[PDB]
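The block underneath contains the structure these notes are about, expressed in structure tokens.
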Amino acid sequence: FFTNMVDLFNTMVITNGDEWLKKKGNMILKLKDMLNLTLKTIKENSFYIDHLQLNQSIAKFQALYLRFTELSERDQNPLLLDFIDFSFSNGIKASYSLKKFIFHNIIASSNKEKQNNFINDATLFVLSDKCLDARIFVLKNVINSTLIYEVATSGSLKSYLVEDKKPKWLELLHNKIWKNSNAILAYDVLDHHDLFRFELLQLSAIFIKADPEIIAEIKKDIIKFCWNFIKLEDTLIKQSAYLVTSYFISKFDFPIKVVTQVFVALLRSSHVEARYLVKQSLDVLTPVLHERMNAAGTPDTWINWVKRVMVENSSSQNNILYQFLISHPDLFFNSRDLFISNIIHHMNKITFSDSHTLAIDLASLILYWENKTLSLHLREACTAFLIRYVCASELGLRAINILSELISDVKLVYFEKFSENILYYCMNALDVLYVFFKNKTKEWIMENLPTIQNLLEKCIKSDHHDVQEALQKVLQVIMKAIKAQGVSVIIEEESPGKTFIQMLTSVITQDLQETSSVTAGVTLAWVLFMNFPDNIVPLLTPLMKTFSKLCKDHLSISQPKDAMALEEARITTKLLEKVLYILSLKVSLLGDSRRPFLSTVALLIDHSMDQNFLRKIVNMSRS
Amino acid sequence: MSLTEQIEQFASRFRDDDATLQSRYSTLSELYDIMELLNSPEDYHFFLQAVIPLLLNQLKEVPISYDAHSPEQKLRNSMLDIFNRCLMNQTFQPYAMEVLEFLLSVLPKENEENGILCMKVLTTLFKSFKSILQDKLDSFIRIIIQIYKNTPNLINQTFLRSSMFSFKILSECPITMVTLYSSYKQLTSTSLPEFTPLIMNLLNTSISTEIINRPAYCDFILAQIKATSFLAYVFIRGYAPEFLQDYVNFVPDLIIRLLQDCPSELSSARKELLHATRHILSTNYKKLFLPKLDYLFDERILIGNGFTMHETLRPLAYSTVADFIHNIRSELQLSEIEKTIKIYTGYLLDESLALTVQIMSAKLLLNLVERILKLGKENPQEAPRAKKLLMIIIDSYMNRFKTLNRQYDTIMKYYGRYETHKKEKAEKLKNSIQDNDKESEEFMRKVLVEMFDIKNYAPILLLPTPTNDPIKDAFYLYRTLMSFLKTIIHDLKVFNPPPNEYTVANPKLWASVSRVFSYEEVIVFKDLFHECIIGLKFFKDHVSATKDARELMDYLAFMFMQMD
């Protein structure tokens, strides 16, 4: 019967352009009593509840009710009457059907001023106990939504109040704010939704954060209202109250004693559920606490409080909040030094999980102090931590960059212990790239040449049956190590290493049976050819031999264009082919090896190749 | 300073604290100024043999007088948290003989900081026992038994803080459990005040507050309830080594009671209370008699007391209740199935909580469709009443899609940020130290609407704004719910009316595809097709379509093939 009455009235309003009542609104109230009576009938007699057609009928009824409400001259009472209508039951909001009408209610700049009147009887709906807590929570939604909409996409309270002209609800808010005494009768009167006190806290935060200078006679009531919330026992309400009182004492009206009290209450006993609240609270409170603590010279105890609480809950999880307390502002620091040993020990204890991104931001703090200057054991402590972290495995590259800048401001061979062995080899190679580059910075890498020679002997002979990344990433540190201004004035110390690496290229180019031995010779011959004009000129014919093998297995990858799997191991052969081109080409002192080399070059021009190195060989023919 | 060099830092302060009012930095702050954090692999014993006589002579004095506001309580708590910070590998008995004499003195008294060493010093002796066995297992465990015997005197004197978390579990337990059974039963199955039965005369239902102003102190109930939640957490471990006996039907009423009278002024205890509840419900035989004695009706939003901390305990409690409801799946008749889909569709359409809980609720309704089909196949008389249930849950799926589509452009705004916060976070990666693409050319060429957004501008944010991919969450929701919809719409084929009224020449084509629906079911199907066609705007470029949009178009096409 309810569905029949609803779609009969919906048909009668659809067949006309506007309301058949011509915005009278007497059958719609009859439909409202119809809905209340069928809800009471379905609640008393338990036959068949919560249907499809009941929900669709209620949706159609809300559609026609809110269609009539946007088509009237008194829109202020029947909206709140509709909020009364589903006090007992029937959802919490018509999602994007009632809230869309309220988003129409929030007109920009209140030109018509109907919304100001709505806010007036809205807060009269809030203070009067004419409904349960859920519809007063929807009243929170509409009131705080239009307030922060005027705050956000306009000036912060610049259109409603200009010279205390028409406040018209702020005195009702004074009457509301004055009742907070005796815990706003929270204990005396039982309210089971705690959204009401959070509504009031957020409403005060709107007034504090929006414009605390045009209003001056309300501020004692504001601070006593936001201070009565401190003495509760819950956690999120307590930290929201801490956040709003730090908003106020960061804005203006600064006291002397209790700002240290709310500071030490902020940085003590904060568990997991309120981390973002204390982050915002400290980030708002501390830049004015620094400038109002240093108004007198000798008070600097607000670093001593952080030190006392940091050594209080030592080596625990709650210290991490203080560990990135000192990281988000940094210019209020580089005035203490026990902080440095504290954070070094903390990152060395927290590296062994998922909080590694914390510890790097600890280390990125330390360098920011060092560049602020422009101890001793802690230097080798933090460099040992950095080396152990980068060889333990984005942010590792940040660790690389910070160690590279930190060395120039352990210094012994530790990498003899470095499956995952190839990954440790690559990370060791990335470490020794710069840790050999950043010491003895006058091209003075010759004293440790036997030690680093025995260190790298187990990875210059790497690619015999394993991956290419070891040689492809040790190539850079070999390219740094084999530039030592040559051997013409110094003793023959780099020269046995040169003869050793050239006989290694020789003995790895005698192996031509698989596609693993051909990479080591061409890579190390290329770094010898780049870093020295002299190379194995009596032994250039194995380079021609491997070049011909590269041509004859380019014949194997000629009739396919690409590989189905293992695609990298063809374009890396093309890459070392571009290497071997220039390597066997830039010296024209060949003997009988010129004509087969040129016939292979002509065969390379013959068959279908890629253009990016055909242009290289026509530039080479231009040379 | 990781050696004996600390001793000359307090060799002048090696004497005891005389005039303890102003001497707050002499002897007690040795683990507080600098000498608390330095490395000590085997560097402790160079001074650890000086800490034990010094702290021993500290603990010889400073008696049990607790009422005065710290003439001596400061150094008492100082040596207390010195005792937790020290980690040792040797000389365990010099620690152990000098700590028991204070915990054997504070058995019946717990008011005004009266003996709060115990919840730390018994844990430190537990830690030293877990380092290496000291064959002292029948001496220290009697004190908590005398605490349990003191609790009748404690409840008669109030017309607490046991903290039994690791006090009875030692991970081996080669002892008896009958004394543990009696010490649990002496306080579990009792009315904890003498007033909780007389508040059940107003039960017609539930109590939001703990007590309506019957006890004047109002802090004993808070501590006693906290201790009861501690013990209700800790007897779960006992179940796995040995089966518990002498009572099996006494846990559900105390579970419902403790869920009803948790205080709204705290939220920590509800976490391990729900953890103990799911640790009960993770078993095989304990989860059978529990749904009968709660009647699946005290498992509602009474478990959130105070609506400013029933926003972090939502996914835990909803996941445990849904996991248990999926675990039984055979005890449920149709009325409980109606009652649980009526609340879990509301959990699905609730926008205030996370996406994973909504996906879990949709998964729960998909797990219930088999029980609905089997119950409808049992008795055909309620076979229409089952079929309408299958038009409720998929209706909520149609609503959930709708709740996404109205946010469409708003989602796009965050996607714009998800471009820039990605685009500035991948071009900081090309600053690597790698080569063979630069030194090669160096060597060569040298010789040649704000509607949903209003929540994000509140001054009390209480949670950081997310930076996850909104389109990935939208595709996850659409793919999961459309697979569920394909399953349920195919499963609706068993509730066809008999084809003798339509008297078709081929009933073998019937009961496979062709069926009937009401008006309010084909309206739901029309809105489902409408919302699924609208929802393909999230997966445009931002017979030429993307892969995820093509997959969802295959789901939408296959979903409507088995409809009549």
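As you go down the protein sequences, you meet chains A and B in turn. Going left to right, the first sequence walks through residues 1665 to 2016, 2022 to 2043, 2089 to 2107, 2115 to 2130, 2138 to 2146, 2154 to 2358 as the UniProt record's numbering numbers them. Going left to right, the second sequence walks through residues 1 to 159, 214 to 258, 279 to 522, 558 to 651, 673 to 694 as the UniProt record's numbering numbers them. Beta carbons: idealized from backbone N, C-alpha and C, even for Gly.
If contacts are defined as beta-carbon pairs under 8 Å, then residue i and residue j qualify, I think. What distance do you get, rounded to the angstrom?
i: residue 2211/A; j: residue 509/B; result: 5 Å
i: residue 570/B; j: residue 1944/A; result: 7 Å
i: residue 1765/A; j: residue 1733/A; result: 7 Å
Select from the options the residue whose C-alpha is nearest the C-alpha of residue i.
i: residue 636/B; options: 674/B, 468/B, 49/B, 73/B; result: 468/B
i: residue 57/B; options: 84/B, 21/B, 15/B, 68/B; result: 15/B
i: residue 560/B; options: 1680/A, 1717/A, 1721/A, 1770/A; result: 1770/A
i: residue 599/B; options: 90/B, 504/B, 62/B, 693/B; result: 693/B
i: residue 2229/A; options: 2245/A, 2241/A, 2181/A; result: 2181/A
i: residue 315/B; options: 328/B, 305/B, 231/B; result: 231/B
i: residue 2166/A; options: 2122/A, 1767/A, 1678/A; result: 2122/A
i: residue 487/B; options: 147/B, 448/B, 565/B; result: 565/B
i: residue 1896/A; options: 1845/A, 1871/A, 1918/A; result: 1845/A
i: residue 115/B; options: 217/B, 321/B, 476/B; result: 217/B
i: residue 248/B; options: 131/B, 285/B, 357/B; result: 285/B
Tell me the DSSP secondary structure of residue i in three-state form.
i: residue 623/B; result: strand
i: residue 695/B; result: Chain B is shown only over 1 to 694; residue 695/B falls outside these bounds and no answer can be derived.
i: residue 2343/A; result: coil
i: residue 53/B; result: helix
i: residue 2138/A; result: coil
i: residue 1699/A; result: helix
i: residue 2023/A; result: coil
i: residue 613/B; result: coil
i: residue 231/B; result: coil
i: residue 679/B; result: helix
i: residue 1916/A; result: coil
i: residue 639/B; result: helix
i: residue 100/B; result: helix
i: residue 1930/A; result: helix
i: residue 2191/A; result: helix
i: residue 591/B; result: helix
i: residue 1794/A; result: coil
i: residue 358/B; result: coil
i: residue 578/B; result: coil
i: residue 2248/A; result: coil
Is the beta carbon of residue j closer than 8 Å to that of residue i?
i: residue 50/B; j: residue 82/B; result: no
i: residue 1979/A; j: residue 2031/A; result: no
i: residue 2336/A; j: residue 2257/A; result: no
i: residue 36/B; j: residue 1975/A; result: yes
i: residue 1802/A; j: residue 1830/A; result: no
i: residue 1876/A; j: residue 1915/A; result: yes
i: residue 2015/A; j: residue 2116/A; result: no
i: residue 1864/A; j: residue 1904/A; result: no
i: residue 113/B; j: residue 73/B; result: yes
i: residue 375/B; j: residue 1812/A; result: no
i: residue 507/B; j: residue 2002/A; result: no
i: residue 2206/A; j: residue 2254/A; result: yes
i: residue 1985/A; j: residue 1923/A; result: no
i: residue 1999/A; j: residue 1948/A; result: no
Quick check on residue i - is its C-beta less than 8 Å from some C-beta in chain C?
i: residue 597/B; result: As a matter of chain content, chain C is missing from the structure shown, whose protein chains are A and B.
Next item on the list: Residues of the stretch 1916 to 1942 of chain A with a CB closer than 7 Å to any CB of chain B: list them in chain order, please.
Entry: 1937, 1940, 1941
Check: Of all the residues that make up the UniProt repeat "HEAT 2" (46 to 92) of chain B, which are near chain A by a beta-carbon distance shorter than 7 Å?
Finding: 85
Next item on the list: For the stretch 1862 to 1874 of chain A, enumerate the residues whose C-beta is nearer than 7 Å to any C-beta of chain B, in chain order.
Entry: 1862, 1865, 1866, 1869, 1870, 1873
Next item on the list: Give the residues from the stretch 622 to 637 of chain B that approach chain A closer than 9 Å (Cβ to any Cβ), ordered along the chain.
Entry: 627, 628, 629, 630, 632, 633
Check: Listed from N- to C-terminal order along the chain, which residues in the UniProt repeat "HEAT 25" (2230 to 2267) of chain A have their beta-carbon within a distance smaller than 8 Å of any beta-carbon of chain B?
Finding: 2265
Item checked: Short-range partners of chain B found in the stretch 1803 to 1826 of chain A, where Cβ spacing is below 8 Å -> 1808, 1809, 1812, 1813, 1815, 1816, 1817
Next item on the list: Pull out every residue of the UniProt repeat "HEAT 6" (319 to 357) of chain B whose Cβ sits closer than 9 Å to any Cβ of chain A, in chain order.
Entry: 337, 338, 339, 340, 341, 342
Next item on the list: Taking only beta carbons into account, state which residues of the stretch 17 to 49 of chain B come closer than 9 Å to chain A, listed in chain order.
Entry: 31, 32, 33, 34, 36, 37, 38, 39
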